[PDB]
């Protein structure tokens, strides 16, 4: 069972142009994600899928591996599909390029989940959050069954607190592990109403009946979408030293 990591890292960004190259305590963000991907055991290759020559140069300068991809993809998943046709693997792990506080051990948990059950199509992560936190539509909630399969991904606070002291909440951590066959059939899947209404691409998978198993991990460090959040990651990663 060959497994590879692919890190979507487009140069463009609405809030932080050239995000991948932003310096964090001495190293460009994309490097922090790449080096940590390298600490994950059981993975044969780690790639940074980019669209700009500057990102590609930056990745090669610190020893990393980069692969150029179409500069008109609508999302990291669509770019991952392009990489799939080019890099042969049985399992592909999609790691966000703007989440440098990722924990290698967390990615191992994810991989183990795929290998312990070869029938599992997709796997992802999640961690506990308060009800106050679950109220934010910017934070995605996931509801799971006993086997930990996802029932639904929503920006609405679910489960609903009819009996609030009985409610337990979960934030979805955007890391994904995919079986090869799922990426091969991907471009054929139609966008679904829940997906367009919620603005949650993973819903496209649930629509088509493809199962996604979650795996709980401890609370995860913040991502880099805003200048404010960027200073947050710096202060955090620095002190971590």
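Positions refer to the first chain, counted from 1. In this text, the rigid core denotes the largest set of C-alpha atoms whose superposition between the two forms falls within 1.5 Å.
Averaged over structures and residues, the CA distance from the shown form in 6 other deposited structures of this protein after a core fit is larger for 72-80, of the two stretches 149-157 and 72-80. Here the rigid core sets the fit, and in 6 other deposited structures of this protein the C-alphas of 52-60 stray farther than those of the other stretch, out of 52-60 and 175-183. Taking the mean C-alpha B-factor of each stretch as recorded, 226-234 and 213-221 are not equal, and the higher mean is that of 226-234.
The PDB entry reports B-factors from which the mean C-alpha value can be compared for 64-72 and 191-199; the larger average falls on 64-72. Among 139, 148, 124, 163, the highest C-alpha B-factor in the deposited entry belongs to 148. Looking at 135, 114, 170, 83, the one whose CA carries the top B-factor in the deposited record is 114. In the deposited entry, the Cα temperature factor of residue 51 places it in the middle third of its chain's modelled residues. Among the modelled residues of its chain, residue 207 has a C-alpha B-factor that falls in the middle third, as given in the PDB entry. Among the modelled residues of the chain, residue 96 sits in the highest third by CA temperature factor in this PDB entry. Looking at the C-alpha B-factors along this chain, the one for residue 57 belongs to the highest third. For residue 102, the recorded CA B-factor ranks within the highest third of the chain. Only modelled residues enter the ranking.
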